[PDB]
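With CSV, C-alpha atoms and all ligand atoms inside, this is final.csv:
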```
chain,number,residue,atom,x,y,z
P,7,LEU,CA,-130.5,4.8,23.8
P,8,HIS,CA,-128.0,4.3,26.7
P,9,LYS,CA,-126.2,1.5,28.4
P,10,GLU,CA,-126.8,0.7,32.1
P,11,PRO,CA,-124.9,-1.7,34.4
P,12,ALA,CA,-125.9,-5.2,35.0
P,13,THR,CA,-124.1,-8.2,36.4
P,14,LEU,CA,-124.4,-11.8,35.2
P,15,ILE,CA,-126.3,-14.2,37.3
P,16,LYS,CA,-126.5,-17.2,34.9
P,17,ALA,CA,-126.4,-18.0,31.2
P,18,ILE,CA,-129.7,-19.7,30.2
P,19,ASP,CA,-129.7,-20.3,26.4
P,20,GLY,CA,-128.9,-18.6,23.2
P,21,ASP,CA,-131.2,-15.6,23.6
P,22,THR,CA,-132.0,-15.5,27.3
P,23,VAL,CA,-129.7,-14.6,30.2
P,24,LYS,CA,-130.3,-14.0,33.9
P,25,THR,CA,-128.7,-10.8,35.1
P,26,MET,CA,-129.0,-8.5,38.1
P,27,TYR,CA,-130.3,-5.1,37.0
P,28,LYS,CA,-130.7,-2.3,39.6
P,29,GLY,CA,-130.0,-4.9,42.2
P,30,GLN,CA,-132.8,-7.3,41.2
P,31,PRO,CA,-132.5,-10.6,39.4
P,32,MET,CA,-134.2,-10.8,36.0
P,33,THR,CA,-134.3,-12.9,33.0
P,34,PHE,CA,-133.6,-10.9,29.8
P,35,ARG,CA,-134.8,-11.9,26.4
P,36,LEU,CA,-132.5,-10.4,23.7
P,37,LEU,CA,-134.3,-7.9,21.4
P,38,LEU,CA,-134.6,-8.5,17.7
P,39,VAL,CA,-133.3,-12.1,17.5
P,40,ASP,CA,-134.3,-15.7,17.7
P,41,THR,CA,-131.9,-18.5,18.5
P,42,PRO,CA,-132.9,-22.1,18.1
P,43,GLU,CA,-134.1,-23.9,21.3
P,50,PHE,CA,-131.5,-26.0,22.9
P,51,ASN,CA,-133.3,-29.1,21.6
P,52,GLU,CA,-133.1,-27.8,17.9
P,53,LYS,CA,-130.2,-27.8,15.4
P,54,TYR,CA,-127.7,-25.1,16.5
P,55,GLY,CA,-129.5,-24.6,19.8
P,56,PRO,CA,-126.6,-26.0,21.8
P,57,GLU,CA,-124.1,-23.9,19.7
P,58,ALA,CA,-126.1,-20.8,20.3
P,59,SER,CA,-126.3,-21.4,24.0
P,60,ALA,CA,-122.6,-22.0,24.3
P,61,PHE,CA,-121.8,-18.9,22.3
P,62,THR,CA,-123.9,-16.6,24.5
P,63,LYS,CA,-122.7,-18.3,27.6
P,64,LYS,CA,-119.0,-17.8,26.7
P,65,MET,CA,-119.6,-14.3,25.7
P,66,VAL,CA,-121.4,-13.2,28.9
P,67,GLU,CA,-119.3,-15.4,31.3
P,68,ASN,CA,-116.0,-14.1,29.9
P,69,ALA,CA,-117.0,-10.5,30.0
P,70,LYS,CA,-115.5,-8.1,32.6
P,71,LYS,CA,-118.5,-5.8,32.2
P,72,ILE,CA,-122.1,-6.6,31.2
P,73,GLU,CA,-124.4,-3.8,30.2
P,74,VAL,CA,-128.1,-3.6,29.3
P,75,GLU,CA,-129.7,-1.2,26.9
P,76,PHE,CA,-133.4,-0.8,26.7
P,77,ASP,CA,-135.1,0.4,23.6
P,78,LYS,CA,-137.8,3.1,23.4
P,79,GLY,CA,-140.7,0.7,23.8
P,80,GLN,CA,-141.8,-2.1,26.1
P,81,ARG,CA,-139.1,-3.2,28.6
P,82,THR,CA,-140.8,-6.4,29.6
P,83,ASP,CA,-142.6,-9.1,27.7
P,84,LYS,CA,-145.8,-10.9,28.6
P,85,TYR,CA,-143.7,-13.5,30.5
P,86,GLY,CA,-142.1,-10.8,32.6
P,87,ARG,CA,-138.8,-11.2,30.8
P,88,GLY,CA,-136.8,-8.0,30.3
P,89,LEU,CA,-136.4,-7.0,26.7
P,90,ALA,CA,-133.1,-5.4,25.9
P,91,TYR,CA,-129.8,-5.3,24.0
P,92,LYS,CA,-127.1,-6.9,26.0
P,93,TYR,CA,-123.4,-5.9,25.8
P,94,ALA,CA,-120.3,-7.9,26.9
P,95,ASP,CA,-117.2,-5.7,27.2
P,96,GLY,CA,-118.9,-3.3,24.8
P,97,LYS,CA,-119.8,-5.8,22.1
P,98,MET,CA,-123.5,-6.4,21.5
P,99,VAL,CA,-124.5,-10.0,22.2
P,100,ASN,CA,-127.6,-9.7,19.9
P,101,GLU,CA,-125.5,-8.6,17.0
P,102,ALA,CA,-122.8,-11.1,17.6
P,103,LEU,CA,-125.2,-14.0,17.5
P,104,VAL,CA,-126.7,-12.8,14.2
P,105,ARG,CA,-123.2,-12.2,12.7
P,106,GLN,CA,-122.2,-15.8,13.5
P,107,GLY,CA,-125.4,-17.3,12.0
P,108,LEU,CA,-126.5,-18.5,15.4
P,109,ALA,CA,-129.7,-16.3,15.5
P,110,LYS,CA,-132.1,-15.0,12.9
P,111,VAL,CA,-133.3,-11.4,13.0
P,112,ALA,CA,-136.9,-11.9,14.4
P,113,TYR,CA,-139.6,-10.4,16.5
P,114,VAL,CA,-139.1,-6.9,15.1
P,115,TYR,CA,-141.9,-4.8,16.8
P,116,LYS,CA,-142.4,-1.1,16.0
P,117,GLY,CA,-140.9,1.1,18.6
P,118,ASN,CA,-138.4,-1.5,19.9
P,119,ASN,CA,-136.5,-1.7,16.8
P,120,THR,CA,-133.7,0.8,17.1
P,121,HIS,CA,-130.9,-1.7,16.1
P,122,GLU,CA,-132.8,-3.4,13.4
P,123,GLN,CA,-130.8,-2.3,10.5
P,124,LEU,CA,-127.5,-3.0,12.2
P,125,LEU,CA,-128.7,-6.5,12.9
P,126,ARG,CA,-130.0,-7.1,9.3
P,127,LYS,CA,-126.6,-6.1,8.0
P,128,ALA,CA,-125.0,-8.7,10.3
P,129,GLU,CA,-127.4,-11.3,9.1
P,130,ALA,CA,-126.7,-10.5,5.4
P,131,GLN,CA,-123.0,-11.0,6.1
P,132,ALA,CA,-123.6,-14.3,8.0
P,133,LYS,CA,-125.8,-15.5,5.0
P,134,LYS,CA,-123.1,-14.5,2.5
P,135,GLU,CA,-120.6,-16.6,4.5
P,136,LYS,CA,-123.1,-19.4,4.8
P,137,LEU,CA,-122.5,-19.6,8.5
P,138,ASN,CA,-124.2,-22.1,10.8
P,139,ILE,CA,-128.0,-21.7,10.4
P,140,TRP,CA,-127.3,-20.5,6.8
P,141,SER,CA,-125.1,-23.4,5.9
Q,1,LIG,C1,-138.0,-11.0,21.6
Q,1,LIG,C2,-139.5,-10.8,22.0
Q,1,LIG,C3,-140.3,-11.9,22.3
Q,1,LIG,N1,-141.6,-11.7,22.7
Q,1,LIG,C4,-142.5,-12.8,22.9
Q,1,LIG,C5,-143.2,-13.2,21.6
Q,1,LIG,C6,-143.3,-14.7,21.6
Q,1,LIG,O1,-144.6,-15.1,22.2
Q,1,LIG,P1,-145.1,-16.6,22.2
Q,1,LIG,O2,-144.4,-17.2,23.4
Q,1,LIG,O3,-146.5,-16.4,22.4
Q,1,LIG,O4,-144.7,-17.3,21.0
Q,1,LIG,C7,-142.2,-15.1,22.6
Q,1,LIG,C8,-141.0,-15.7,21.8
Q,1,LIG,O5,-139.9,-15.9,22.7
Q,1,LIG,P2,-138.9,-17.1,22.7
Q,1,LIG,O6,-138.4,-17.1,21.3
Q,1,LIG,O7,-138.0,-16.9,23.8
Q,1,LIG,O8,-139.8,-18.4,22.8
Q,1,LIG,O9,-141.8,-14.0,23.3
Q,1,LIG,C9,-142.1,-10.4,22.8
Q,1,LIG,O10,-143.3,-10.3,23.1
Q,1,LIG,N2,-141.3,-9.3,22.5
Q,1,LIG,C10,-140.0,-9.4,22.1
Q,1,LIG,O11,-139.4,-8.4,21.8
Q,2,CA,CA,-135.7,-18.8,20.9
```
Here is a file; write its structure as structure tokens.
Amino acid sequence: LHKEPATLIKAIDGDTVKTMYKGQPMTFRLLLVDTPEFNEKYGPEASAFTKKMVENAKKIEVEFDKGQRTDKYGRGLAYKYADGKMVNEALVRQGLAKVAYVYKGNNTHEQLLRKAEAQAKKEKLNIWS
């Protein structure tokens, strides 16, 4: 896989962000994770974590997997990076997302994320507390 440029338009919630990609606005849903909804426990903390991470970044990048690049809602499906740090992994490592929605052929970073989740579980962080 490879990273491509994107520029933040707006933080949305823990696992969705609006970014401009090849000059067009899109809403991206982060691959391989599930944050709580804003109305659910930790939902606001996940939203604020992702928002801080993308708003503070000097450089956002998007990385598509090998499979489907959009979902049925027309959202982009990608791994997102903020100054080189994967947002999807960072959420999981902080116990603010579960590994979820692991579909065959768009699961290149699964094992990296499962290892973050195990570590967040060991530390009993947030969702795992
Ligand atoms: C992350 C992800 C979500 N989705 C779809 C499955 C879920 O469908 P349903 O809407 O029918 O439940 C929905 C969950 O997204 P949210 O967790 O953003 O609600 O997005 C994909 O199809 N592919 C993906 O890789
Ligand atoms: Ca969600």
>> Can you work out which residues are within 9 Å of ligand LIG 1 (chain Q), considering only C-alpha atoms and all ligand atoms, and then hand them over as JSON, numbers by chain?
In response: {"P": [21, 22, 35, 36, 37, 38, 39, 40, 41, 42, 43, 80, 81, 82, 83, 84, 85, 87, 88, 89, 90, 112, 113, 114, 115, 118, 119]}
>> With distances taken over all atoms listed in the file, which residue among P:60, P:108, P:125, P:72 lies nearest ligand CA 2 (chain Q)?
In response: P:108
> For residue 10 of chain P, which of P:117, P:96, P:62, P:55 is the closest residue, counting all atoms listed in the file?
Replying inline: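 Closest to residue 10 of chain P, using all atoms listed in the file: P:96.
In this model, the gap between atom CA of residue 107 of chain P and atom CA of residue 133 of chain P comes to 7.2 Å.
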> Which residue out of P:137, P:7, P:66, P:109 has the minimum interatomic distance to ligand CA 2 (chain Q) when all atoms listed in the file are used?
Replying inline: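 Under the stated criterion, the closest residue is P:109.
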List every protein, DNA or RNA residue that has an atom no more than 7 Å from (-123.0, -11.9, 11.5) in the file's coordinate frame, counting all atoms listed in the file, and report them as a compact mmCIF listing (two decimals) with C-alpha atoms, in the frame of the given file.
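selection-v4.txt, written as the output of this step:
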```
# COMPACT_ATOMS: atom_id res chain seq x y z
CA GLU P 101 -125.50 -8.60 17.00
CA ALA P 102 -122.80 -11.10 17.60
CA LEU P 103 -125.20 -14.00 17.50
CA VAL P 104 -126.70 -12.80 14.20
CA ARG P 105 -123.20 -12.20 12.70
CA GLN P 106 -122.20 -15.80 13.50
CA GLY P 107 -125.40 -17.30 12.00
CA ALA P 128 -125.00 -8.70 10.30
CA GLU P 129 -127.40 -11.30 9.10
CA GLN P 131 -123.00 -11.00 6.10
CA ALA P 132 -123.60 -14.30 8.00
```
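Atom CA of residue 53 of chain P to atom CA of residue 138 of chain P spans 9.5 Å [interatomic distance, one decimal].
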>> Report as a count of residues only all protein, DNA and RNA residues lying within 9 Å of residue 67 of chain P, evaluated on only C-alpha atoms, omitting residues in the same chain fewer than 3 positions from it.
In response: 8
>> So, with only C-alpha atoms and all ligand atoms as the atoms that count, which of P:141, P:51, P:30, P:123 lies closest to ligand CA 2 (chain Q)?
In response: P:51
> In Å to one decimal, how far is atom CA of residue 13 of chain P from atom CA of residue 116 of chain P?
Replying inline: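 Distance between the two atoms: 28.3 Å.
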> For ligand CA 2 (chain Q), which residue among P:65, P:98, P:111, P:15 is the nearest when counting all atoms listed in the file?
Replying inline: P:111
>> Using only C-alpha atoms and all ligand atoms, can you tell me which of P:124, P:12, P:18, P:69 comes closest to ligand CA 2 (chain Q)?
In response: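 Looking at the shortest contact to ligand CA 2 (chain Q), the residue is P:18.
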